[PDB]
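Each residue of the sequence shown is one higher than the one before, starting from 1 at the first, in the authors' numbering. C-beta atoms are modelled at their ideal positions from N, C-alpha and C, and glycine is treated no differently. The structure appears below as structure tokens.
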Amino acid sequence: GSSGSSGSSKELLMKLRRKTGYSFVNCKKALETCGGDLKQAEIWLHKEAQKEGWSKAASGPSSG
Numbered sequence: 001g002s003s004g005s006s007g008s009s010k011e012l013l014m015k016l017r018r019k020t021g022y023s024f025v026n027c028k029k030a031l032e033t034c035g036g037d038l039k040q041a042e043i044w045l046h047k048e049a050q051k052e053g054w055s056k057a058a059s060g061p062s063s064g
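The structure is reproduced here in structure tokens:
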């Protein structure tokens, strides 16, 4: 349990990588936009996809 330059989210990035499945660079964005929140991070990526259209499959358009 040690670290160097305090100010980075890797442990969460690696986890969110397998959770959602999106590339590392991607998850990183959702993690920064949300603030290290697997939940608020998993929903983001999915949402962005629905709008942008990264993958064919339907992400899941929700209201409010």
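As assigned by DSSP and simplified to three states, the class of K10: coil
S8 to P61 span [Cα, whole Å]: 31 Å
Cβ pair count under 8 Å reaching 3, the region 49-64 against the region 28-41: Contact check between the region 49-64 and the region 28-41: fewer than three CB pairs, one atom from each, fall below 8 Å, which does not count as touching.
Buried or exposed (CB count within 10 angstroms, at least 16 for buried), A30: buried
Simplified DSSP assignment, three categories, for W44: helix
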